[PDB]
Amino acid sequence: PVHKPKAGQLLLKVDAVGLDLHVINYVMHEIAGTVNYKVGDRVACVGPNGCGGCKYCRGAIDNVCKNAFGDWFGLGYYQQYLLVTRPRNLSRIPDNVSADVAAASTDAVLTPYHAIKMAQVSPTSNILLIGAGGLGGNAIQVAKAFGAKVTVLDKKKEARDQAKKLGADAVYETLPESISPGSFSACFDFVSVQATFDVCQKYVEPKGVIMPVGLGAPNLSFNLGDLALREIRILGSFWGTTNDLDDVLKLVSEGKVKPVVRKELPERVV
Amino acid sequence: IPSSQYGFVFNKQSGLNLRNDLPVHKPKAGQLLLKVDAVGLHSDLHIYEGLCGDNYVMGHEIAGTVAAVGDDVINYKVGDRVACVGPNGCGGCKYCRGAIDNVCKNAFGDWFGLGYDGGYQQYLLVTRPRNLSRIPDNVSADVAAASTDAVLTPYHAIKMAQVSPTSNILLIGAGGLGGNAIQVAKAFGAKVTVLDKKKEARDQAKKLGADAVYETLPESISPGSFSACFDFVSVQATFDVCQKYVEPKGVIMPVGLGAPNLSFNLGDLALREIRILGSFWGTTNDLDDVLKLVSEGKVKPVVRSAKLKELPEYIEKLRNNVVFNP
Amino acid sequence: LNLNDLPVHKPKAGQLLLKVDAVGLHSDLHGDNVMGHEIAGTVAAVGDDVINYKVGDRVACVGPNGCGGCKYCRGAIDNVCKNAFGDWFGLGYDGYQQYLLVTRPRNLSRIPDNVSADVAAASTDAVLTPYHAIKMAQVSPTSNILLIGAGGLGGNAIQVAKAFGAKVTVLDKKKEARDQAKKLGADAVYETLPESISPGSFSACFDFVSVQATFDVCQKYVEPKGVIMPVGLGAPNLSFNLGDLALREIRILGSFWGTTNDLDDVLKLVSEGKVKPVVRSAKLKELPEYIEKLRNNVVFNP
Amino acid sequence: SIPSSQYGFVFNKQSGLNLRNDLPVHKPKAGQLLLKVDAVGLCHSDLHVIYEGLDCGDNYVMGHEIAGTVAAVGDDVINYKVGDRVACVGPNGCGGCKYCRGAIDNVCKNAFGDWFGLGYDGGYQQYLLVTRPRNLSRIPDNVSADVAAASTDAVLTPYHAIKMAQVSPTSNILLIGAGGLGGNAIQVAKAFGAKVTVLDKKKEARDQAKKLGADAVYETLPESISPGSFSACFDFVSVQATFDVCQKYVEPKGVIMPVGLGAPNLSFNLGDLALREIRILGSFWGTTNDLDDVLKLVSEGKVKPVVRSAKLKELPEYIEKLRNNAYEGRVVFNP
Ligand SMILES: NC(=O)c1ccc[n+]([C@@H]2O[C@H](COP(=O)([O-])OP(=O)(O)OC[C@H]3O[C@@H](n4cnc5c(N)ncnc54)[C@H](O)[C@@H]3O)[C@@H](O)[C@H]2O)c1
Ligand SMILES: NC(=O)c1ccc[n+]([C@@H]2O[C@H](COP(=O)([O-])OP(=O)(O)OC[C@H]3O[C@@H](n4cnc5c(N)ncnc54)[C@H](O)[C@@H]3O)[C@@H](O)[C@H]2O)c1
Ligand SMILES: NC(=O)c1ccc[n+]([C@@H]2O[C@H](COP(=O)([O-])OP(=O)(O)OC[C@H]3O[C@@H](n4cnc5c(N)ncnc54)[C@H](O)[C@@H]3O)[C@@H](O)[C@H]2O)c1
Ligand SMILES: [Zn+2]
Ligand SMILES: [Zn+2]
Ligand SMILES: [Zn+2]
Ligand SMILES: [Zn+2]
Ligand SMILES: [Zn+2]
Ligand SMILES: [Zn+2]
Ligand SMILES: [Zn+2]
Ligand SMILES: [Zn+2]
Ligand SMILES: [Zn+2]
């Protein structure tokens, strides 16, 4: 029961789609396919699907578009053909990147890329990442590509092992006593419960940044005296922008990031 | 809304000519039709000097009222008052996405009234409504039109230079753009010193709020003491004053077009880490900002109105040294 | 810590001696073994190596008193120097006296000629602190800001913010603070934001109170990508809604006192008439009387 | 122990750079230290001083790329002790002005004419008196003095410029010149994640650029390279012809960094700079924090400066060689 219109629109034949739990009348957001654009172009979808006409979109921040709330690809707006209403929200897949890898890049890589870029990570950064799963594992690779030294905390042995293979410079279950408090230029929390926030706050340096990218609790608290006195910054981050997706696919193209991609959906995988 | 209208079309072979038999386009999905309320008129003269297009309605300073909208237009509705963002960016490239839709490669040759159709007509088809800015209720269409370049352009430069209330700036040339620059810079809280060779421009500069105005900087002004220098003339001599009087780590903005090339002293630029920044027109978001400043009374552009049919008479006048209502 | 035969130190090579002209007095009420952290004076003697100052220079002290040698100080962020914790002027290190030894002259700001020592002293914290926060938030003439709490700091914040060209809305529970806020140039002043103010509409929210309720207003009214600056210290911990912070990309930025360069900036604004701190003068010997008064709730010439 | 006399190379406007065997060795005062020089680099900037009248003062020991070991300290010095290995921050900032306080101690007004080996005494000698020990950076254990010396300028200068340009893993950058500075710039830029294209007029510098990790190296950019396609252009030569290539190939809103000093003046096309919003950013040397960052990159193996050593007495021979562009990479001298 398919669509087919195009006035300022295009038609995308879906080649790969990635797989929500917190969510759980629209087809359900990690999309790569084939058709500023001409038939045969390979493209990936920028989930936040910004309007393109507001101050946020114009802007460089099309991910926080107020007009598109409730109209994100597969989350307000898993199917064989997708009529793309707003072709501005597409990114060209490079020739050497497969549709499967592109699809797996549209969120699992895009999201930590956007946060790392926001934090202004550089080859002198000394960063802490908490949680090395879907997002976290890609965050390791993105961070290393920015030149950073990367320390990973994860409760799960297997995630610690994967983190070592993906290039982390140190991996631990808990930070040992020899790690000085106040020594990391940035802390990225992919878990975001209170305990994990409190470690970011203890181990972030003065003027450093805490990026609570995970969504593990509805509220978090920070110590105010400490945040003020040491000028800590907490920056929210959501998904990514169209330009960020271009950047991600370039990194993936150049071999700097290799996402791990693997419909019994009910039972990252693409 | 009518099916025909009048307007002034430019052709490389025969200049700018009245046509009273022009079509009025129906918007497609994604487009809108603007009823032109005011359209401003030196860049149109440059036309006589051989610059940008071939068979387009001129007029690049445009204010109007949305008359009809296509499908898939959700940001605007009939009756909305809007001003056009001249560079008319594509909206799909990295520059536009971006925050720098003023340097869009895909829109070169497609700017409003300078390659694509503009405001010297009654009804303008806007192919890219993203390139519109809402006119506040207390701002007239005439003043909005006069803001779309004369205020937009210096505002874009001043914002890029990151001027603040601790800035100590030098502006060279207080004419059309320079005078508006004075007002914009004061609204950012800056101290403003103005150099102009013409007595009348110096007088006007005082009236517009400059803190000091001079023909030449006196010997008591220390070299290396201004945080930013904006040069609205841009010949070598005025560049050299910017370079001598800019502070270390300060910025020179050569916003005028008085010479095709300018030289800088390299040892000085390097040692004192001087920055030279190019600036062109402005962005959509800059226009929103400008209209807010105008709305709040912080900037008051100077504008006289006339009927669009009078345009040829005023073109000759400007050529020998104003907005239009269609 | 009490009052008439204290010694006067001779500076070593890299030090200087400051003759105190004015010293300001809330935090004093709240290091071990001279207080007074809002200091203006005149250089009275310099040590052999000192090239940036000479006898007769009028200077104000930047309270955090950074070490000058660490990465934070080198840096541009001398206000968060780890080495100087416990060594701040009048809060761990020695203005409530006639002559102050400045170990570390980099932590001084030249007072402009047309600014009095009294005003300079009242600028060193009451103006410096909100200036530092406003500058960090990158306020501009297009900014639409909310300030909560219009007292000592908040009132100066109003004037600093208006100098940057911002539109300023003030919330305060106390009628008299609302009145002062109106006089100091705020564009709108309220006891509670009326229902007509749209949520998500302010580019920056500065909370000079910083209890939970006041944080929650900042979080409801800050626009996407906007900034919340919890400058007050009204609770030890505050909480934020995560989904909202992430989804709308809100930023919370800590701010502490100010830097040496910020103090140069503040004294320039004061010099140019942009900010006019409110100050009454008295003799330093009167200090104990004014301390009691503020408790049951001014600058001093030694 | 420490001798009371020593040898070194002094510059004077009247008679150029000359060996002297009767130089004093100063005893530090309270806040000072004495550095025994282990390695000192030679820079193309020494040539501008000797042969082009680039005026930095008169009558000082040259050598501005300095690594050594603390030989004695004055009474009040606690941050360093005898035996510490340190490299000098060339601009030798005052520490007390707004620029130094600041984060920009490289453009200190007070220190004009007082830079190590360029107004104040430098490293072409056995023992250097350091008046301001703030302007030192600790050499990590695994970094040799020769490499640290090369790092104080040949690496520091391009690091500072690259950082100022905000190079990232999505940057596509052009570097012109692959000698002392340019070779390091290659490695620094790769550590920031950039794609790097190099131009050099000398075959042996091109060959070295390839070995240092450049993604492309050319004499002249081929036709397949689109104008307006580089996010940043770093010119380590800075003559009009190389500036023009930066200006043709930089993207809109991109940056041109004229780090080299090959002409007294350069010109730009104004219409092009304005229309495409090109930025030209001056960059000088680097800062104390930058040097700590650089030595950490070198220590972590991300940057491996190309350096060959020689005895300080050989300096006049290597000066001639550099003047004729006769070697690649840096040469440093052991006193
Ligand atoms: N901000 C955004 O735009 C955005 C986008 C996508 C996902 N998310 C959120 O990011 C989070 C991570 O998603 P994912 O897909 O990578 O998750 P995932 O399940 O693949 O991985 C979670 C990891 O966290 C580790 N972990 C959990 N609790 C821990 C603890 N207490 N201490 C140390 N390690 C711990 C687990 O061992 C696991 O390795 C989720 O909360 C998700 O809702 C946010
Ligand atoms: N960030 C720093 O570096 C720094 C420096 C100095 C002081 N401070 C802190 O800033 C805060 C204020 O200091 P001050 O000198 O301005 O205090 P103040 O007593 O002079 O002013 C406080 C004002 O807040 C108002 N207020 C209190 N609670 C309120 C609420 N719930 N809602 C609305 N208004 C309320 C009061 O009516 C009064 O007008 C203090 O917590 C102080 O410790 C911070
Ligand atoms: N801005 C600063 O702070 C600063 C600091 C140090 C050096 N410099 C300047 O940087 C420049 C480079 O110094 P260096 O020590 O690396 O020089 P070097 O002599 O070690 O190397 C110069 C390189 O440039 C190449 N080259 C020369 N002319 C060329 C041209 N026209 N086109 C392409 N390639 C060319 C040569 O083949 C050689 O490989 C010098 O001018 C020096 O004065 C500037
Ligand atoms: Zn939008
Ligand atoms: Zn997903
Ligand atoms: Zn575009
Ligand atoms: Zn115009
Ligand atoms: Zn410090
Ligand atoms: Zn105080
Ligand atoms: Zn050198
Ligand atoms: Zn050098
Ligand atoms: Zn200095």
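Residues numbered from 1 in each chain as written, not as in the entry; some residues may be left out. Chains lettered and ligands numbered in written order. Heavy atoms only, no water. Residues with missing side-chain atoms left out of burial classes, pairs and counts.

Deposited coordinates in this entry are attributed by the record to X-ray crystallography, at a stated resolution of 2.05 Å.

Visitor: Please clarify how the overall build of chain C should be interpreted in this entry.
Guide: Within chain C, the regular secondary structure consists of nine helices and 16 strands. Taking 302 residues into account, the globule formula puts the C-alpha radius of gyration at 19 Å, and chain C, at 20 Å, falls close to it. Seen along its three principal axes, the alpha-carbon backbone of chain C occupies a region of about 60 × 40 × 35 Å. (Helix = DSSP H or I, 4+ residues; strand = E, 2+ residues; numbered from the N terminus. Rg over C-alpha atoms; globule rule 2.2 N^0.38 Å.)

Visitor: Help me understand the overall build of chain B, please; the structure alone is not making it clear to me.
Guide: Tallying secondary structure elements over chain B gives nine helices and 19 strands in all. Expected size for 326 residues packed as a compact globule is a radius of gyration near 20 Å; at 20 Å, chain B falls within 12% of this value. Along the first, second and third principal axes, the C-alpha atoms of chain B reach 65 × 40 × 35 Å.

Visitor: I tried to follow the interface of chain A and chain B on my own but got confused; where do I start?
Guide: Listed by partner, the interface residues are 18 residues for chain A and 17 residues for chain B. Listing elements by their share of the side of chain A that touches chain B, those giving two or more residues are α1 (55-58) and α8 (242-253) of chain A. A per-class count over the side of chain A that touches chain B returns seven nonpolar, seven polar and four charged. (Contact = heavy atoms within 4.5 Å. Nonpolar A, V, L, I, M, F, W, Y, C, P; charged D, E, K, R; others polar.)

Visitor: In this structure, what is going on with the packing of helix α1 (residues 44-51) of chain D against helix α9 (residues 315-323) of chain D? I would like to understand it.
Guide: When two helices pack together, their arrangement is given by the angle between the helix axes and by the axis-to-axis distance. All names here are of chain D. Between α1 and α9, whose axes approach to 10 Å, the crossing angle comes to 95°. Put simply, α1 runs roughly perpendicular to α9. In this structure, α1 contributes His 44, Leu 47, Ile 50 and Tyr 51 to the contact, and α9 contributes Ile 319, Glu 320, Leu 322 and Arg 323. Broken down by class, the residue content of the contact of α1 with α9 amounts to five nonpolar, one polar and two charged. (Axes fitted to C-alpha atoms, helices over the stretch in contact; angles between N-to-C directions. Parallel < 35°, antiparallel > 145°, perpendicular 65-115°, else oblique.)

Visitor: For this particular structure, what's the right way to read the sheet that holds strand β1 (residues 4-11) of chain B?
Guide: In any sheet, the strands associate via hydrogen bonds between backbone groups, in a parallel or an antiparallel arrangement. Residue and element names in this part refer to chain B. Pairing is antiparallel in the open sheet, where three strands are placed in the order β2-β1-β4. What marks the edges here is a single partner per strand, and that holds for β2 (15-23) and β4 (56-57). Judged from the two bridges that link them, β1 and β4 form a sheet pairing that is antiparallel. Across the sheet, residue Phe 10 finds its bridge partner in β4, namely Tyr 56. (Pairing = 2+ DSSP bridges.)

Visitor: Would you mind showing me how to read the domain arrangement of chain B here?
Guide: One frequently used descriptor of interface size is the decrease in accessible area upon assembly of the parts. Residue and element names in this part refer to chain B. Structurally, chain B comprises domain 1 (1-151 + 282-326) and domain 2 (152-281). Using C-alpha coordinates to define each centre, domain 1 is positioned 29 Å away from domain 2. Taken together, the 22 residues of domain 1 in the interface contact 14 residues of domain 2. For the side of domain 1 that touches domain 2, the element with the most residues is helix α8 (residues 284-295), which contributes five residues. Split by residue class, the side of domain 1 that touches domain 2 holds ten nonpolar, seven polar and five charged. (Domains from an automatic or database assignment.)

Visitor: Explanation requested: the pairing of strand β6 (residues 81-84) of chain B in the structure shown.
Guide: Consecutive side chains along a regular strand alternate between the two faces of the sheet. Residue and element names in this part refer to chain B. Of the pairings in the sheet, the one linking strand β5 (residues 61-69) to β6 comprises three bridges and is antiparallel in character. Bridge pairing links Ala 63 to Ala 83 in β6. Sheet topology places β6 next to strand β10 (residues 132-134); three bridges connect them, and they run antiparallel. Residue pairing across strands places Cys 84 opposite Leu 132, the latter belonging to β10.

Visitor: Which parts of the structure should I look at to understand the packing of aromatic side chains?
Guide: To describe a pair of aromatic rings, you give the distance between the ring centres and the angle between the ring planes. Look at A:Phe238 and A:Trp239: their rings are 5.9 Å apart centre to centre, the planes differ by 80°, and that puts the pair in the edge-to-face class. Their ring planes at 80° and their centres at 5.9 Å tell us that D:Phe284 and D:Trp285 sit as a pair that is edge-to-face. Stacked on the ring of D:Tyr318, the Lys or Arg D:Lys321 has its end atom at 4.9 Å from the ring centre. (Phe/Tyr/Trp six-rings, centres within 6.5 Å; stacked < 30°, edge-to-face > 60°. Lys NZ or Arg CZ within 6 Å of the ring centre and 35° of its normal.)

Visitor: Before we go on, may I ask you to explain the sheet that holds strand β11 (residues 172-176) of chain D in this structure?
Guide: Sheet architecture is open: twelve strands sit in the order β13(B)-β12(B)-β11(B)-β14(B)-β15(B)-β17(B)-β17(D)-β15(D)-β14(D)-β11(D)-β12(D)-β13(D), paired in mixed fashion. Looking along the sheet, the strands with just one partner apiece sit at the ends: β13 (212-214) of chain B together with β13 (216-218) of chain D. Within this sheet the neighbouring strands show an average axis-to-axis angle of 15°, counted without direction. Here strand β15 (residues 250-258) of chain D pairs with strand β17 (residues 279-281) of chain D via two bridges, running parallel.

Visitor: Explain the side chain of D:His160 to me, please; I cannot follow it from the model alone.
Guide: As for its position among the elements, D:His160 is in helix α3 (residues 145-164). Here B:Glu273 takes part through its side chain, which lies 2.8 Å from a polar atom of the side chain of D:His160. Side-chain polar atoms of D:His160 contact the side chain of D:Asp290, separated by 2.7 Å. In this view, D:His160 contacts B:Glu273, D:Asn106, D:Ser283, D:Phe284, D:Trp285, D:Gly286, D:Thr287 and D:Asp290; residues no more than four positions away in its chain are not counted. (Polar contact = N/O pair within 3.5 Å; in protein donor to acceptor, adjacent residues only side chain to side chain.)

Visitor: Any chance you could explain the interface of chain A and chain C here in plain terms?
Guide: At the junction of the two partners, chain A supplies 40 residues and chain C supplies 38 residues. Looking at the side of chain A that touches chain C, the elements that each hand over two or more residues are α1, α3 (110-118), β10 (204-212), β11 (219-223), α7 (224-229) and β12 (233-235) of chain A. Partitioning the side of chain A that touches chain C into residue classes produces 22 nonpolar, twelve polar and six charged. Here β12(A) pairs with strand β14 (residues 251-253) of chain C via three bridges, running antiparallel. Looking across to β14(C), one finds that A:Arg233 is bridged to C:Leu253.

Visitor: Is there a simple way to explain the domain arrangement of chain C in this structure?
Guide: Residues and elements named next belong to chain C. Looking at chain C, the domain boundaries give domain 1 (1-129 + 257-302) and domain 2 (130-256). With 19 residues of domain 1 at the contact, the number on the domain 2 side is 14 residues. The set of elements that each furnish at least two residues to the side of domain 1 that touches domain 2 consists of α3 (128-137) and α8 (260-271). By residue class, the composition of the side of domain 1 that touches domain 2 is ten nonpolar, four polar and five charged.

Visitor: Looking at this structure, I do not really get the packing of α3(A) against α8(A). What am I missing?
Guide: Residues and elements named next belong to chain A. At a minimum axis distance of 10 Å, the contact between α3 and α8 shows a crossing angle of 105°. By the angle class used here, α3 and α8 are roughly perpendicular. Contacts between α3 and α8 involve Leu 110, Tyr 113, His 114 and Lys 117 on the former and, on the latter, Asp 244, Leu 245, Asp 247, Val 248 and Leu 251. When its residues are assigned to classes, the contact of α3 with α8 shows five nonpolar, one polar and three charged.

Visitor: Which parts of the structure should I look at to understand the pattern of salt bridges?
Guide: A side chain of one charge can pair with a side chain of the opposite charge if their charged atoms are brought near each other. Across the salt bridge formed by A:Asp161 and A:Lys157, the nearest N and O atoms sit 3.0 Å from each other. One end of the pair is A:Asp161 and the other is A:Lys157, both in helix α5 (residues 157-165) and four residues apart, which spans about a single turn. B:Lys298 serves as the salt-bridge partner of B:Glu296, at 3.9 Å between the closest nitrogen and oxygen. (Salt bridge = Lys/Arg side-chain N within 4 Å of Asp/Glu carboxyl O.)

Visitor: What is the right way to look at the environment of A:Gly76 in this model?
Guide: Within the fold, A:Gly76 resides in the loop between α1 and β4 (81-84). Other than its neighbours up to four places away in sequence, A:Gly76 contacts A:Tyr26, A:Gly70 and A:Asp71.

Visitor: Just checking my understanding: could you explain the environment of D:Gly228 for this structure?
Guide: Residue placement: D:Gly228 occurs in the loop between β13 and β14 (230-235). Linking D:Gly228 and D:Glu251, residues 23 residues apart in sequence, is a C-alpha distance of 4.0 Å. Other than its neighbours up to four places away in sequence, D:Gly228 contacts B:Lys105, D:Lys248, D:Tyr249, D:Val250, D:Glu251, D:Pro252 and D:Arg276.

Visitor: What is the right way to look at unusual backbone geometry in this model?
Guide: Excluding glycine, residues mostly carry a negative phi; peptide bonds, for their part, are mostly trans. Residue B:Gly98 follows B:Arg97 across a cis peptide bond; omega there is 25°. In this structure, D:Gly102 follows D:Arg101 across a cis peptide bond, with omega equal to 25°. Checked against the element boundaries, D:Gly102 lands in the loop between α2 (98-101) and β7 (115-116). Although it is not a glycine, D:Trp285 adopts a positive phi angle of roughly 60°. Mapped onto the elements, D:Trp285 comes out in the loop between β17 and α8 (288-299).

Visitor: Would you explain the environment of A:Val209 in this entry?
Guide: All names here are of chain A. Note that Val 209 resides in strand β10. Distance in space between the C-alpha atoms of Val 209 and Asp 198 is 13 Å, their sequence separation being eleven residues. For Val 209, the residues in contact, after removing those within four places along its chain, are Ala 119, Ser 185, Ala 186, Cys 187, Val 204, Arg 233 and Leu 235.

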